[PDB]
Amino acid sequence: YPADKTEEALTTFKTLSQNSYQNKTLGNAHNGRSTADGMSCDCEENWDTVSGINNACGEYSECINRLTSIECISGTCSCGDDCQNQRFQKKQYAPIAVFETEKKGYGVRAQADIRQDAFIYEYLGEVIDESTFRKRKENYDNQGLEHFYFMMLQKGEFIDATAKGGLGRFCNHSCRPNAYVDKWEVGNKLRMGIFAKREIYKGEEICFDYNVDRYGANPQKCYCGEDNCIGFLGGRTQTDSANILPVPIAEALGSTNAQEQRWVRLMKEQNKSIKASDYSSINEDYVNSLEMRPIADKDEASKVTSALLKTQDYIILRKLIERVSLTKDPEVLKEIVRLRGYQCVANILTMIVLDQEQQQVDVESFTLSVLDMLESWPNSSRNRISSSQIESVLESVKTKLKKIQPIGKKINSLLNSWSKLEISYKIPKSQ
Amino acid sequence: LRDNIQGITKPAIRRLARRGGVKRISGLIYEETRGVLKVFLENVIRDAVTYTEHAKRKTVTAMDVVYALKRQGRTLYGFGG
Amino acid sequence: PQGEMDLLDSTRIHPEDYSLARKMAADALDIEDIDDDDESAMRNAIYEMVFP
Amino acid sequence: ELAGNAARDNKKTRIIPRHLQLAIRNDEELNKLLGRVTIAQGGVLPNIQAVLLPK
Amino acid sequence: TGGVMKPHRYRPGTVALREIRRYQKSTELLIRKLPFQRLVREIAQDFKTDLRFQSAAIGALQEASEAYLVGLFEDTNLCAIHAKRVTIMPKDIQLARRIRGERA
Ligand SMILES: Nc1ncnc2c1ncn2[C@@H]1O[C@H](CSCC[C@H](N)C(=O)O)[C@@H](O)[C@H]1O
Ligand SMILES: [Zn+2]
Ligand SMILES: [Zn+2]
Ligand SMILES: [Zn+2]
């Protein structure tokens, strides 16, 4: 397996045994309201005379405090000292190691098999206020750091793991994680622990969902490798005007944070209804009102291809195809060919002119608006088309809409042009 | 005073149910709790009112309330009984 | 893979056959989006074949 | 006596209605005798059902 | 890359069990004084007006109403537990009142 990097990872930061506080007021439980009548569990101390271990308040015991995410305090609870619900205080972390991943940098792996719901490791860091968090965030953005190291302890109180913390900062995001972060109360303080969502075996990577608030920061692509990956690291953005459509899809249409701001600012603030942030329903009026500019960047072409593969809306596809009509850069078109844009355009056709959720005249206008760039793109070999067989779809749609003769004649010209192309030679392989 | 039965607010009745050890609350129960509270208050207030009217007074005192409650088998300690 | 140095400069293959070797390497890796005129994809394919 | 003892477990030197309610409701025969009385500012004894708790 | 990881939310029941312990440990009044006083005055208005209500009478009425509601909710929780549920419904309220004899 991969070589251990535990000491090398440790040398990168100041190791902490416990959370540090900017001041004594921050991090206090109940917003600083000292519950003098501390919640004492009624458990009787169960001392095993052989091992001398107080087995009270165990995993399978009925300790009320354990269920309510509160740790027993020695000298105040009936469970006695050294009970089995002092995991944070005793710092009984699971055994873990650090290994260098292929793309994510350092990552945490389980040195032993860990049971379900077992406490893995306490997330450690400096407890800071909002202004200190903003200052440190600005400093790190100036430093160009490409790694998140902030977690929200609670409202207005954050934990920074950049310069000082624990091994938990090396845990990587997974869209189908095996662990999760939870908030617990230890004494008059609040802690953030990491617990096992399932059974984890030795050598497996330990990961948790980041559920990250960007606070307006740009999306970062997710390389977790999970099948259920959304492709980007993120979470519910700023409270309003921040997003109307998903980023890749919005940037595919040429829209950005400013154009998504402007529509909501012009109508929602002037007594016209815009729903909350939800991409399950497409607002056609926004897409129609959006401005369109030609594409000259290949990453934007990849975002366009992703939007074609994802969005089912008729109007978004109409405006993307119109933007492609404005687009005339040959390199972007070659990239779209590499991305197999014809494959996506086949489904885009099929959904609209084979399945009929719209009107025949509007579908005819769509078909005339989508045949043009197909006629215009550079093509040199039917190997390109063979990755899509879009000609079959063209035959099906000219046969279905045979009464609309301009579409039929355009598809005639298109298939005549495409049939002149040869096929790129592909070396046969032994069988 | 016009329809202040809504003054018994939803968090308050939630707290009252929570003291009884109830974990989950249905959405339709609040009108029922308001109704039964109105019925109980109606009965006790009626008995206190006729107690006061027999005493030739115009102000209901705590003694009438404790008397009415104790007559319904709901004896209250701490208010001069 | 797109760098100034070349993988095939450490072999006996003549520079006139570099595109031939990259087409062999690309076709061996079952790639289908490849086009003969795209030298970049050829270099990526041969780089992933020789140094996966 | 029972109220002073219940206060003593609460580390208090002031007898309040809470301690009186605790003393009355935690004794079987006293609960039987004072069944139909409500103690003002007495509160409720802590009681959570067994199957109400999660697993 | 200055984003913040969120602490997520609690499970349903954890904060419920917490506040159960908190309200069963503490003894303050749970009904607001002034709306309850207005409600008592509204009920008393229906029989004979110009009826002044001493503060001690209103406090005694509030204490009795809270005790009655707490007992009724304990019985209704027992009813819900008997029906293999953890959520109380109005039918359990009606059944508890029926068996208690308050409702005929
Ligand atoms: N699945 C994933 N794909 C890509 N980058 C990831 C990732 N999980 C975590 N990261 C990166 O790691 C950061 C968290 S800090 C994790 C440890 C760090 N990568 C290191 O080795 O020093 C994230 O902000 C992101 O930049
Ligand atoms: Zn315990
Ligand atoms: Zn304990
Ligand atoms: Zn992912």
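Protein chains in written order, with the entry's author numbering: chain s, 29 to 459; chain b, 22 to 102; chain m, 1035 to 1086; chain g, 64 to 118; chain a, 32 to 135.
Yeah, the Cβ is synthetic: ideal placement off N, Cα and C, and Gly gets one too.
Using a CB distance cut-off of 9 Å, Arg88 of chain g does not count as an interface residue toward chain a. Cβ neighbours of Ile418 of chain s within its own chain (closer than 7 Å, five residues either side excluded): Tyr370, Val373, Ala374. Look at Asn311 of chain s here: in three-state DSSP terms it is coil, with no helix or strand label. Under a criterion of Cβ atoms nearer than 8 Å, the residues of chain b adjacent to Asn110 of chain g are, in order, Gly42. At a Cβ-Cβ threshold of 9 Å, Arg40 of chain b and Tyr99 of chain a do not count as neighbours. At a cut-off of 9 Å between beta carbons, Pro66 of chain a contacts chain b.
Secondary-structure assignment with DSSP links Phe61 of chain b through no beta bridge to anything. For the C-beta of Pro117 of chain g, the chain s residues within less than 9 Å are, from N- to C-terminus, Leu95.
Rounded to the nearest whole angstrom, the CA to CA distance from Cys235 of chain s to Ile29 of chain b is 47 Å. Short of 7 Å from the beta carbon of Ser404 of chain s, and not among the five residues preceding or following it, lies no beta carbon of its own chain. Relative to the Cα of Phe127 of chain s, the nearest Cα in the group s:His58, s:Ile101, s:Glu35, s:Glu213 belongs to s:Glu35. Of the candidates s:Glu232, s:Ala84, s:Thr104, s:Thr104 places its Cα closest to the Cα of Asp65 of chain s. Burial check for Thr190 of chain s: the Cβ neighbour count within 10 Å reaches 16 or more, so the residue is buried. For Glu232 of chain s, the number of other beta carbons within 10 angstroms of its own is below 16, and it is reported as exposed. A distance below 9 Å separates the beta carbons of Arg366 of chain s and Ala1075 of chain m. Per the Cβ contact rule, the segment 94 to 101 of chain s is in contact with the segment 33 to 53 of chain a (3 or more Cβ pairs under 8 Å). About 17 Å separates the CB atoms of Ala146 of chain s and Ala125 of chain s; that is not less than 8 Å, and the two are not in contact.
In this structure, the alpha-carbon of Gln248 of chain s lies about 57 Å from that of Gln125 of chain a. Contact between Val155 of chain s and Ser48 of chain s is confirmed by a C-beta separation of about 7 Å, below the 8 Å threshold.
In the three-state scheme derived from DSSP, where H, G and I count as helix and E and B as strand, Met220 of chain s is classed as strand.
Contact note: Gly132 of chain a does not reach chain g at a C-beta cutoff of 7 Å; the least C-beta distance is about 13 Å. Taking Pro30 of chain s as the centre and dropping the five residues before and after it, the same chain places the C-beta of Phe127, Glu128 closer than 7 Å to its C-beta, in chain order. Contact between the segment 69 to 79 of chain a and the segment 274 to 285 of chain s is not established, with fewer than three Cβ pairs separated by less than 8 Å. Around ligand 4, the residues selected by a Cβ distance under 5 Å to any of its heavy atoms are s:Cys203, s:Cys250, s:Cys252, s:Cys257, following chain order. Against chain g, the CB of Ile89 of chain a has no partner CB under 9 Å away; the residue lies outside that interface. With 16 or more neighbouring CB atoms inside 10 Å of its own CB, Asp85 of chain b falls in the buried class. DSSP places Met180 of chain s in the uninterrupted beta strand (DSSP E) bounded by 178 to 182.
Taking a Cβ-Cβ cut-off of 7 Å, the neighbours of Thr32 of chain a in chain s comprise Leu173, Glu174, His175, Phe176, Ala245, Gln248, given in sequence order. Of the other Cβ atoms in all chains shown, 16 or more fall within 10 Å of the Cβ of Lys331 of chain s; this residue is therefore buried. No Cβ of chain s is located within less than 9 Å of the beta carbon of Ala1055 of chain m. Across the segment 358 to 375 of chain s, CB contacts with chain m closer than 9 Å involve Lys362, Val365, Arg366, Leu367, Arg368, in sequence order along the chain. Distances from the CB of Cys105 of chain s to the heavy atoms of ligand 1 are all 8 Å or more. Residue contact with chain a for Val155 of chain s: absent (no Cβ-Cβ distance below 9 Å to any residue of chain a). Proximity of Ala1079 of chain m to chain s, defined by a Cβ-Cβ separation below 9 Å, is not satisfied. The secondary-structure analysis by DSSP pairs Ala138 of chain s across a beta bridge with s:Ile124. For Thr76 of chain g, no alpha helix (DSSP H) run applies, since DSSP gives it neither H nor E.
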